Amino acid sequence: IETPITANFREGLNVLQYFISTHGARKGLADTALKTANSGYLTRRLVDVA
Amino acid sequence: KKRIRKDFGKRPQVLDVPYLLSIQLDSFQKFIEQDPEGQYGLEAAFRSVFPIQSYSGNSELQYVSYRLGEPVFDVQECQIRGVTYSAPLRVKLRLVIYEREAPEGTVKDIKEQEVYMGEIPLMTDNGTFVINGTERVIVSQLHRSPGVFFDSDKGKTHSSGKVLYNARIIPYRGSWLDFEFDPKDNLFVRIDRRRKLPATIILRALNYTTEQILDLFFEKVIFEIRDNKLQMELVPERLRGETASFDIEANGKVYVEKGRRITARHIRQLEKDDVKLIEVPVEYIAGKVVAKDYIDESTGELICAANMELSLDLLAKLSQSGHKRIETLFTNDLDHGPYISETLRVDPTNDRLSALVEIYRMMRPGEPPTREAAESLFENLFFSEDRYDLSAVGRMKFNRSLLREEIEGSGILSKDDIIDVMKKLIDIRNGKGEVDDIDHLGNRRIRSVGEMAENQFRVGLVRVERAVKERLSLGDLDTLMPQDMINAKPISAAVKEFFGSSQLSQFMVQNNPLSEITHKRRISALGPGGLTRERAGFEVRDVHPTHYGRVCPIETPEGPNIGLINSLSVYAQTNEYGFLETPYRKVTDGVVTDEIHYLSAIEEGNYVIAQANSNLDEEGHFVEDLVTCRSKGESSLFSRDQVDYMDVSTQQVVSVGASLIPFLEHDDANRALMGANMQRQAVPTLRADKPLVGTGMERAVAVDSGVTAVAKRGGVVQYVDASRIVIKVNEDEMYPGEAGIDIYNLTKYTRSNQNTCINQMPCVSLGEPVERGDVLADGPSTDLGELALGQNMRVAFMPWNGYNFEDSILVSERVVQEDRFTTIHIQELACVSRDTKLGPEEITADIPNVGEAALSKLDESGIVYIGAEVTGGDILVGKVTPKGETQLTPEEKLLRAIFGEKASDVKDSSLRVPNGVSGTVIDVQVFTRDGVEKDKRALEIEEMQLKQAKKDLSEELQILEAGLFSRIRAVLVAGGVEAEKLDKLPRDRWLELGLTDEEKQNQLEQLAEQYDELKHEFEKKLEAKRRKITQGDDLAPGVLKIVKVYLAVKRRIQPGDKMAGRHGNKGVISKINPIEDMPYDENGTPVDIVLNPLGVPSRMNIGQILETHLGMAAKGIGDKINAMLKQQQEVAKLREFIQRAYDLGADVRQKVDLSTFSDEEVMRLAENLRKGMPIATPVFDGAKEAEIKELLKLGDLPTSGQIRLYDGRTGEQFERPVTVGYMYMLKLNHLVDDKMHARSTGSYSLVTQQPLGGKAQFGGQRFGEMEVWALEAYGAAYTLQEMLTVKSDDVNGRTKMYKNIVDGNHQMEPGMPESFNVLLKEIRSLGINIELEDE
């Protein structure tokens, strides 16, 4: 994004900058969401081989 | 004297949060208008099924108005009882009969008013539904608008797939309609996402010739033939991106010479001179494609057909012929590619017939298509509502896609819609124009609950409508209106399926009032098999910049689903036709108006809207000319003259779950997500205490939602009970006598969905004039009118001793000594008796093989009384079950035919208490089928109620007697004094004794009438009770009665419970350390809860700390104004200390000076901030680094924040001060999974020898392959061996092992596991064979 953010956690964080950081905050938690359901999927492809 | 409310952040709230139930009520109301007439929702679906027209009969069923009949019960008997609650649906119908067969003379219009059709549930006074037994709520849906789009590309992920654009149509019911291109510059079409077909096969089926198709994707260029030469209607705009193949000259001026390309400059040069006619060679036209057919008007022979490419030979005949109007196609190599021109060639079909047949087989391959079937199917693809309906809103959104004028129209698509769309698709593929915004709310529409209920209702209609046509002939004359036509079966089997089996709808979260309101006001991205699944969502989970103030981008549940749900924000609301419109304060010039207006998601981008984080004195002036303003995604600095609109507040940005968060701006979205979920997992605590920092939404949730009881009409309270709050309304003369009696029932101890208990403790005392809108009773966790989930304790952040490692919580031993976190849990244990091979089971207390203490608490019917101190082992339900001839012994067979049949036929099979849990009975279930005779079960309880009701009269007649006779005596004595004489004769004779003529005699006469009148009212009052008890009986969906005993166990705070605040700091209690070791201040008051400061560096949530400094200094900031200035007015021994101790702390001129202001002045200075008792802090616009620090030096006691404590273990000076205060935390409810799962030896399965749990025996933990590789890795062999042998499967292993351990020795070496046997046998039976071999 061409529009950086100046406000931080300490001072008054407006509704604009808080909304921008949400974009990169959705990814992280949405990653382990499908891994906690079955983490034995990736390992299965390797253990059954060697 | 007038001042300001004085609080954190200067953001005046003009329009308070509207009804939160606007998403449920408003939607479902317009859907099914019970009280109102018939319009929208169900009505919008009746005029599409009732108007049936079956030939060979001429019957027309006209619709009038639908009116919901009478419901089943109230709203409390749907939880405490076993009521399914299903209100029948009856609609007015007036059909006319026009027989067309044999002369019978039957002509009349019989009007069958009400006809039962389908059983659709209704919505409660709050916004929840009930089908089976538990509360069920339907969550809204959100997907792409049912119309057309223009994405990038798809399907070409395996190969290259470069330079390829496509369009997609996503309906709700029917087939798909795609349009993609291939590397061969050819367009195709996908129906129901199947094999690719020519994109011109669907057009021909709509009665379109080859000549017409060409005039639906390309513009026509008219060529003129005069003076034996070729001309052309030149169009500058069309020359964009083309090479000059000839000398473009006009009026003796060569604009573009042959050779050089045509830029954008030469285009404007032609538009300025208005050049619309130039000379063009024959080769230029040869590269074009003729539209229609052109024959020689001199010979009569065909020169060239349609679609055929022109040439130097074909054009040579078109010039000699004599034509003047040559209509061809304009195609080049760039912004006008011949895509459709090459589609007709790869199209097998040639007309409409070959098209309808080809499509029919493609959809339903099997039976040979016919003349009627082929046409019927096609019309039911995208041209019929009964199979393809894009609702009444889809049309509106579909119009703005093609830049249409009007927005109204039909739900189905036309032959002109698809074509106009494909036109834009080509433009994008060419170069002109770009893609469309998908994530934009302009496309992603919200599906209200009402609409959702209509979605599963329209399906059941097209299923029953196919039966009303046939049964129409089965009717005699004019009597085919009631059941002799429509059937209420196909509909019920279609609607009930969604209220249970559907993934979109799940169990209602009632573990907390706030958790309930956030469930209704929730949006889901998952739905039917016509949308998206769980596999993909990397384009819908992520919030779009356009989603501003319409949905909180961080209100999605934490766990399996992240970003798939996300509830709905606050001020945002589903308007009329989907388009979510968030409120905006219309501000003219430099004056802000208090008026509000709902702007569309597409209208917002047309106006510039300011922000809420802007300083405003009142509502008539602006702080600074240049202030940060936002548009529709960008950020620019506008003046107060350019500003047209402005946000309402910093509340609409988030939801009600995030609005409660004090310091949300100081928290990162990561942990802020869980912070809103901790409130969703709240639990009704005993000591309900409101936070020391409110935003202004804790009072709105309780009032609007069905949490706090609201009076119907003003009146005077006479009595206040815990179970009922009677309100004596003065509908007549003002007297204590009965009049407008309106009883209000308060739900006490009933089981919810999350095994929680909802209570309503009355607040109004004796004699208190209530007003319309006042509170009468509290709620599950509400204190008075606000919301209070958790509690307020003393917090001291400090790494204790290993305990608070990751996410752990340490609490003093005082927490268990007091029931501050003691919540109420309710578990349901249903016990059903079914038909046995020997006969129906019985429910009696006669159950052998038990102890005396077991049948002691049980009555003479097997059902335990209410209020029994039961425990692990005690019997709750007295159910019995026959054995069988196989289980019978020759000894008990003889006495079976001698001492009676009911002697030794049945055995022991009653419901006991699960091992581990131990509580008390709070509610028993009563049922008795009429066909099974009303035994001692429904007779004893009845007799008891008859005895109580009779006693309730003897006590009322006693008080009434000793209440009036004690008054008539003081009147009789006055004048006719008879002391020792009146206390002799019976009380019923005191009425016969008259008194000298006087106004006093009238008093005795009136009191004689009041006695007989009232008494006669109490006598009939008992009569009414002796009716309902001995009248009709309601049963359960089960068979042979059902006894549901609810168990309640005091769930104290024990190791394993998880607690968290409102910032996202989720943790679990470690060890309950005594008040001995735990540190404490210099003034006693030991620390209650201790957290880990290390949960800040990693977990970015500084906000939680801000609350800590706000809780400690709360005795000098804003609460000080209401904790000193308010208490000094009450107690006279405080007014002498507050006036002096205040100025010494706060010397700010802004603050209230107790020394100057009097008792009257200060009083009014404490009413401006009464609501915000524990100060007030908004969401993203409240506290500040500068404001806070200043407010910490005004009251007691520490400075800067931290303060010097002392170690609880050592007791010496604590090195360097620490941050302490009162943080508002919250306890999380305990799910069934939290209950310890103890198992050692239980029952096993049949086909397999795997242990299986259930009611009594707990389920065994699974040992997945993941755990297998663990022990497989270690050198251990016997450990993992028995793991899947002696432990579980192997049957001969579980026996020998147990018989060896009880002896004292080791278990015999693992022989042959059951797995080895079963598997081996599954091989021998086959063609192969496995056999074990020795060394």
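As recorded in the PDB header, cryo-EM is the method behind this entry, and the stated resolution is 11.2 Å.

A count of helices and strands for chain B gives 35 helices and 52 strands. With the principal axes as the frame, chain B shows a C-alpha extent of 145 × 105 × 100 Å. Residue burial in chain B is summarised as follows: out of 1335 residues, 46% are buried. Residue pairs in contact within chain B that sit at least 24 positions apart in sequence constitute 68% of those at least 6 positions apart. Counting every atom, chain B has about 71100 Å² of accessible surface; 50% of that belongs to carbon and sulfur. Across chain B, the mean location of the 170 positive side-chain charges is 1 Å away from that of the 212 negative side-chain charges.

Counting its secondary structure elements, chain A contains two helices and zero strands. Counting over 50 residues, chain A shows a buried share of 28%. Split by element, the accessible area of chain A, about 3400 Å² in all, is 57% carbon and sulfur. Taking the average place of the 6 positive charges on the side chains of chain A and the average place of its 4 negative ones, the gap between the two points comes to 8 Å.

Residue and element names in this part refer to chain B. In the structure shown here, the tally under the stated rule is 18 aromatic pairs over all chains. Seen from their ring centres, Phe 181 and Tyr 339 are 5.2 Å apart, and the 70° between their planes marks the pair as edge-to-face. One end of the pair, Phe 181, is in strand β10 (residues 177-182); the other, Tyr 339, is in the loop between β24 (326-329) and α8 (353-363), with 158 residues separating them in the sequence. The same class applies to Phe 181 as to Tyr 339, namely buried. Taking NZ or CZ as reference, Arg 136 lies 4.6 Å from the ring centre of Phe 507, over its face. Sitting over the ring of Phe 330, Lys 288 keeps its end group 4.2 Å from the ring centre.

On to the sheet that holds strand β27 (residues 523-524) of chain B, then. Residues and elements named next belong to chain B. Strands sit in the order β25-β8-β27 across an open sheet of three strands; the sheet is mixed. Bordering the open sheet on either side are β25 (445-447) and β27, each of which pairs with just one other strand. Relative to β27, strand β8 (residues 140-143) is paired through two bridges, and the arrangement is parallel. Across the sheet, residue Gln 141 finds its bridge partner in β27, namely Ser 524.

Turning our eyes to something else, we now look at a positive patch on the surface. All names here are of chain B. On the surface, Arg 226, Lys 229, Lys 324 and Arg 325 cluster together into a patch of positive charge. Its place among the elements puts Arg 325 in the loop between α7 (314-321) and β24. For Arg 325, a relative accessible area of 53% translates into the label exposed.

Looking now at the interface of chain B and chain A. Taken together, the contact pairs 39 residues of chain B with 26 residues of chain A. Here chain B meets chain A over a buried area of about 3000 Å², counting both sides, of which 60% is carbon and sulfur. For the chain B face of the interface with chain A, the top three residues by lost area are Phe 1180, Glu 1185 and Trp 1269 of chain B, together amounting to 17%. Between the two partners, chain B and chain A, sit two salt bridges. Here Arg 10 of chain A and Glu 1185 of chain B are joined by a salt bridge, their closest N and O atoms 2.9 Å apart.

To continue, consider the sheet that holds strand β45 (residues 1042-1051) of chain B. Residues and elements named next belong to chain B. Taken in spatial order, the three strands of this open sheet run β39-β45-β44, and their pairing is antiparallel. For this open sheet the edge positions go to β39 (823-832) and β44 (920-923), each flanked by a neighbour on one side alone. On average, adjacent strands in this sheet sit at an angle of 40° to one another, irrespective of strand direction. Bridging between β44 and β45 involves three bridges; their strand directions are antiparallel. What sits directly across from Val 921, in β45, is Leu 1047.

So, on to the pairing of strand β31 (residues 635-638) of chain B. All names here are of chain B. Pairing of strand β30 (residues 627-630) with β31, which is carried by four bridges, proceeds in the antiparallel orientation. Bridging across to β31, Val 627 finds its partner in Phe 638. Hairpin connection, β30 to β31: the antiparallel pair is bridged by four residues, and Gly 633 has positive phi, about 145°.

Locating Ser 861 of chain B in the fold gives a position in the loop between α21 (852-856) and β42 (875-877). The contact partners of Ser 861 of chain B, leaving out residues within four places of it in the chain, are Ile 843, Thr 844, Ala 845, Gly 878 and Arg 937 of chain B.

Residue and element names in this part refer to chain B. Counting 53 residues, the largest nonpolar core has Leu 177, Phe 179, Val 189, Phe 217, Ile 359 and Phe 378 as its most contacted members. Counting residues per element, the ones that place at least two in this core are β9 (166-169), β10, β11 (186-191), α3 (201-204), α4 (210-214), α8, α9 (373-382) and α11 (417-430). Among the elements that take part in this core, α11 stands out by supplying seven residues, more than any other. Sequence-distant contacts of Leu 177, that is, excluding residues within four places in its chain, are made with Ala 167, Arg 168, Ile 169, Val 189, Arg 190, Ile 202, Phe 382 and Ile 418. Within the second largest apolar cluster, 48 residues are counted, among which are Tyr 66, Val 83, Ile 138 and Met 452.

Residue and element names in this part refer to chain B. At their nearest, the axes of α8 and α9 sit 9 Å apart, and the two run at 75° to each other. Judged by the angle between their axes, α8 and α9 are roughly perpendicular. On α9, the residues touching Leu 356, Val 357, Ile 359, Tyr 360 and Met 363 of α8 are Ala 373, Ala 374, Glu 375, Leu 377, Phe 378 and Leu 381. Per-class residue counts for the contact of α8 with α9 are 10 nonpolar, no polar and one charged.

Turning our eyes to something else, we now look at the pattern of salt bridges. Residue and element names in this part refer to chain B. As enumerated under the stated definition, the model contains 62 salt bridges over all chains in all. With a closest N to O distance of 3.8 Å, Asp 1207 and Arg 1209 form a salt bridge. With its nearest N and O atoms 3.1 Å apart, the salt bridge here joins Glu 1331 to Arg 1324. Classification of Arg 1324 as partly exposed rests on a relative accessible area of 43%. Through salt bridges with shared partners, a single ionic network connects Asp 215, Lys 220, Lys 292 and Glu 327.

Let us look at a negative patch on the surface. On the surface, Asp 594, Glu 595, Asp 617, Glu 618 and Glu 619 of chain B cluster together to form a negatively charged patch. The topology assignment puts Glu 619 of chain B in the loop between β29 (591-599) and β30.

Residue and element names in this part refer to chain B. Following the sequence through the fold, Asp 1181 ends up in the loop between α30 (1159-1164) and α31 (1185-1191). Salt bridges are absent for the buried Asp 1181, whose nearest opposite-charge side chain, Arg 11, sits at 5.4 Å. Contacts of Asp 1181, omitting those with residues within four sequence positions, involve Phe 8, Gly 9, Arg 11, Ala 612, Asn 613, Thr 650 and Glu 665.

Here we take up helix α26 (residues 1103-1112) of chain B. Residue and element names in this part refer to chain B. Taking burial as the measure, the 10 residues of α26 include nine buried ones, the bulk of the element. Of the residues making up α26, those classed as buried are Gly 1103, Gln 1104, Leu 1106, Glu 1107, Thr 1108, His 1109, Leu 1110, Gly 1111 and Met 1112. Of the surrounding secondary structure, the elements contacted by the buried residues of α26 are β37 (795-796), α31, β51 (1220-1221) and β52 (1224-1227).

Residue and element names in this part refer to chain B. Going from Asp 1196 to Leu 1197, the amide bond is cis rather than trans, its omega being 0°. The topology assignment puts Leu 1197 in the loop between α31 and β51. Although it is not a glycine, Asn 755 adopts a positive phi angle of roughly 60°. One can find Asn 755 in the loop between β35 (740-742) and β36 (791-792). One non-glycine residue with positive phi stands out, namely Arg 1216, at about 65°.

Here we come to the environment of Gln 24 of chain B. Residues and elements named next belong to chain B. Along the chain, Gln 24 falls in the segment before α1 (25-31). The exposure class of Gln 24 is buried, given its relative accessible area of 1%. It is 56 Å that separates the C-alpha atoms of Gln 24 and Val 1291, two residues lying 1267 residues apart in sequence. Ignoring sequence-local partners within four residues, the contact set of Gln 24 consists of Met 123, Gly 127, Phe 129, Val 137, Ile 138, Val 449 and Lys 520.

Listed in full, the buried residues belonging to helix α35 (residues 1314-1324) of chain B are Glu 1314, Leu 1320 and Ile 1323 of chain B. Where the residues of α35 of chain B are buried, they touch α34 (1291-1301) of chain B.

Reading guide: rules and limits
Each residue takes a number counted from 1 along its chain in the order the sequence is written, a numbering that need not match the entry; residues with no coordinates do not appear. By the order in which they are written, chains take letters starting at A while ligands take numbers starting at 1. Within a larger assembly, only the chains shown are considered here, and all values are given for them alone. Processing note: side-chain calculations cover all non-hydrogen atoms of the structure and skip hydrogens and water entirely. Numbering of helices and strands runs from the N terminus, with a helix taken as a DSSP run of H or I at least four residues long and a strand as a DSSP run of E at least two residues long. Categorising residues by exposure relies on relative accessible area from a 1.4 Å probe, with only protein chains included: less than 20% of the type maximum marks a residue as buried, more than 50% marks it as exposed, and the intermediate range marks it as partly exposed. Residue contacts follow a heavy-atom distance rule, with two residues in contact if any of their heavy atoms lie within 4.5 Å. Per-residue accessibility takes into account occlusion by the displayed protein chains alone, with areas from the Shrake-Rupley method and a 1.4 Å probe. Positive charges are assigned to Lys and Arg, negative charges to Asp and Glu, while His and the chain termini are left out of the count. Positions of charges follow a simple convention, taking NZ of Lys, CZ of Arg, CG of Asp or CD of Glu. Stacked, edge-to-face and tilted labels apply to pairs of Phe, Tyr and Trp rings (six-membered ring for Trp) whose centres lie within 6.5 Å, assigned for plane angles under 30 degrees, over 60, and everything in between, in that order. A positively charged side chain is recorded as over a ring if its NZ (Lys) or CZ (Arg) lies within 6 Å of the ring centre. The angle to the ring normal must also be within 35 degrees. By definition, two strands form a pair when at least two bridges between them are found by DSSP. The residues that make up patches have over 30% relative accessible area and no salt bridge, and they are joined within 9 Å when like-charged or within 5 Å when they are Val, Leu, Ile, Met, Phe, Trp or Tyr. The working definition used for a salt bridge is a side-chain nitrogen of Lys or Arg within 4 Å of a carboxyl oxygen of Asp or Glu. By definition, the buried area sums, over both parts, the 1.4 Å-probe accessible area that each loses when the two are put together. Each axis is a line fitted through C-alpha atoms, taken for helices only over the stretch in contact, and angles between the N-to-C directions span 0 to 180 degrees. The set of buried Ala, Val, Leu, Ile, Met, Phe, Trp, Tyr and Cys residues whose side-chain atoms join them within 4.5 Å is what this entry labels a nonpolar core. For classification purposes, angles smaller than 35 degrees are called roughly parallel, those larger than 145 roughly antiparallel, those between 65 and 115 roughly perpendicular, and all remaining angles oblique. Each residue receives one of three labels: charged for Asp, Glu, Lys and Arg, nonpolar for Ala, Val, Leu, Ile, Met, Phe, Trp, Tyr, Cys and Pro, and polar for the others, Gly being one of them.

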